[PDB]
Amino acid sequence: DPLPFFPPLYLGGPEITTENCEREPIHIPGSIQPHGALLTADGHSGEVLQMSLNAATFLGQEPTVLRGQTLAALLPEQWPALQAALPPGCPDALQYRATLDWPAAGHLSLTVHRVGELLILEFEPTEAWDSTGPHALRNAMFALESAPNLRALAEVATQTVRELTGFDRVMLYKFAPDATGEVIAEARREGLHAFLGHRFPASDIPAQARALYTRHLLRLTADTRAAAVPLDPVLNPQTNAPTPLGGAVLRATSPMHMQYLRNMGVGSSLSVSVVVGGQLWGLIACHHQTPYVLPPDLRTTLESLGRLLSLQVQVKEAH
């Protein structure tokens, strides 16, 4: 049961320290990571309500010009499909995805979800060869299925994720009932220090983070030195309140966790929740030595793999 959050910084809330970090409102940072752009829109009208300040870089026009325009006008070939895909009251983890063309090389990937009456739209560049087929997941299921026991399953799962991603380090991090954790499997680049078998305090993944990760199963930091980009306006006009960004991979990472990653020499981080019978069982935790943007289709493959692994774990634990 997490503590109530304090207000975010931009609402005059306290600075976050090691004494109060379980109260950081990590779901409402009012900012995004700079490798993409984000807009929010009214769920009925499609009016664009908030835009990240870097929106021009990705969309080819200025935030001051795009705000107030409707998605019906801006995205005529996707707006109807988006609407149909994310009806009022759908789960906030449900996503609509489309690939758009843009002046630059490759394409823009569009990912949308719905929170309350708001649509949250993420745009990130993707290269054409950065497609991953359903084969990646399909062929991977084979070695997961043949694993004879839980620890073998964990070992194959980390190796498979490393093969799919090329990450320098992939761990299966399992939580204990006291919320401490243990690295129970690890696939890593030759020469990297092993974390295998190491245990970590509960505070390293605080309670509000673990709660969030129970609902929104994938998060990342593409560049652990990159400054966040504000949303403008920072509050949702629908509510005059902060915008929930837990469902957006572009959400700005807690600065506290960014420092933790830099202290470990990590350039890029990504993890996927393993949720068993609705409780957070563990994470597939990935590091890269340098900044790296795992493509959207591969992220989705990894989420799917976490769900598959959840079930395989749940099968084996019953035995």
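Start at 1 and count along the sequence shown; that's the residue number.
- 156-164 and 186-194 differ in mean CA B-factor, and the higher of the two is recorded for 186-194.
- Legend: mean Cα B-factor per stretch from the PDB entry, 136-144 versus 170-178; the higher mean is in 136-144.
- Sorting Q69, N263, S271, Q289 by the CA temperature factor given in the entry leaves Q69 at the top.
- Remark: of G247, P230, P206, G106, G106 shows the highest value [criterion: C-alpha B-factor in the PDB entry].
- Per-chain ranking of the deposited C-alpha B factor places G43 in the middle third.
- Sort the chain's modelled residues by C-alpha temperature factor and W129 lands in the highest third, per the entry.
- In the PDB entry, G277 places in the highest third of its chain by CA B-factor.
- Placement of the Cα temperature factor of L283 within the chain: lowest third of the modelled residues, per the deposited record.
- Compared with the other modelled residues of the chain, the Cα B-factor recorded for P34 ranks in the middle third.
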